[PDB]
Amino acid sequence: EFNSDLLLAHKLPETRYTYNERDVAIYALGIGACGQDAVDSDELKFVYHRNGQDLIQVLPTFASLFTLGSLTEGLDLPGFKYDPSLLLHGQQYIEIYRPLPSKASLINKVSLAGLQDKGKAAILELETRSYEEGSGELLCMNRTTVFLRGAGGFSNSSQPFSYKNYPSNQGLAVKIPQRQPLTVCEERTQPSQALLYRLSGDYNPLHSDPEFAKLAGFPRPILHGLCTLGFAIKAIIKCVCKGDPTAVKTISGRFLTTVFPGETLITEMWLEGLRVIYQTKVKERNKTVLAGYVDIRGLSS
């Protein structure tokens, strides 16, 4: 019952998403803004402004909230079924075309960017393009890569189905350079980090419910992968971009191991031209949990 033509021709429905400056600030606190210093000049601008909360600046990983809903709700594709509870989020890819406003109404155009038959699992890549309702301008684009356990085996083993409808270098794993890191930044997450971060939209019991997380194989609920990503990109903004969030042009994050709220995240950064290569480790268990890159603006001044 799987036909590739029908699936490639299928059109996924568009979405609306609305947010305001209070949503922006709750997100920023959810990913640790001013977590260590209330008067941190670099990070205070993400949660407060003397002339009104509408003037706070948006952290670029906020754009990841614009995808929420599709994959875990269901998302019916012609000739391709999967179990959403065994879904794993493999990587996130974000491109920021314009600085994100502190409030907006978005229209999200969604499209199937990739599908691979991997034997027992399938890899699915969904693209969300977020247009601002007033201007009509494209603010950003997200590509979400999920590992759909149990969803494989829908095509012929002689030629497994592989589909990539985007430039293949985007989100490619980049090797960690052999030299010492340019800058290392360390930040502790709060014991309640997941309970606060989930108020930005992702209410998955896996990050809040002890019993549910035990049944998933974890001794306590685990921090959202996208929260970890927010911490890392925040660190890059602080330690490489001189505090300016609008320096961030692309974000690639590959998720590796689980993080538990209350642990300390260490982000190591290298600079390769105008690409920041980075890696984030949990200090306590000394495990790498996140890796990727950030393309940044070049400006001599």
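Note that residue numbering begins at 1 and tracks the sequence as displayed.
(Q) When the Cα temperature factors in the entry are averaged, is it 247-255 or 41-49 that ends up higher? (A) Mean B over CA atoms: larger for 41-49.
Q.
Mean CA temperature factor from the deposited coordinates, higher in 91-99 or in 179-187?
A. It is 179-187 that shows the higher mean C-alpha B-factor.
Q: Name the one of 200, 162, 156, 168 with the greatest CA B-factor according to the PDB entry.
A: Among 200, 162, 156, 168, the highest C-alpha B-factor in the entry belongs to 156.
Q | Criterion, highest CA B-factor; candidates, 114, 230, 210, 136 | A | Among 114, 230, 210, 136, the highest C-alpha B-factor in the entry belongs to 210.
Q.
Quick check for you: using the entry's CA B-factors within this chain, is residue 80 in the lowest, middle or highest third?
A. Highest third of the chain for residue 80's C-alpha B-factor.
Q. Against its chain's modelled residues, does residue 26's Cα B factor rank lowest, middle or highest third?
A. It falls in the bottom third of the chain.
Q. Thinking about Cα B factors across the chain, which third does residue 286 belong to?
A. It belongs to the highest third of the chain when residues are ordered by C-alpha B-factor.
Q. Lowest, middle or highest third of the chain for the C-alpha temperature factor of residue 36?
A. Highest third, going by the recorded CA B-factors of the chain.
Q: Looking at the entry's B-factor column for C-alpha atoms only, identify whether residue 74 ranks in the lowest, middle or highest third of its chain.
A: Highest third of the chain for residue 74's C-alpha B-factor.
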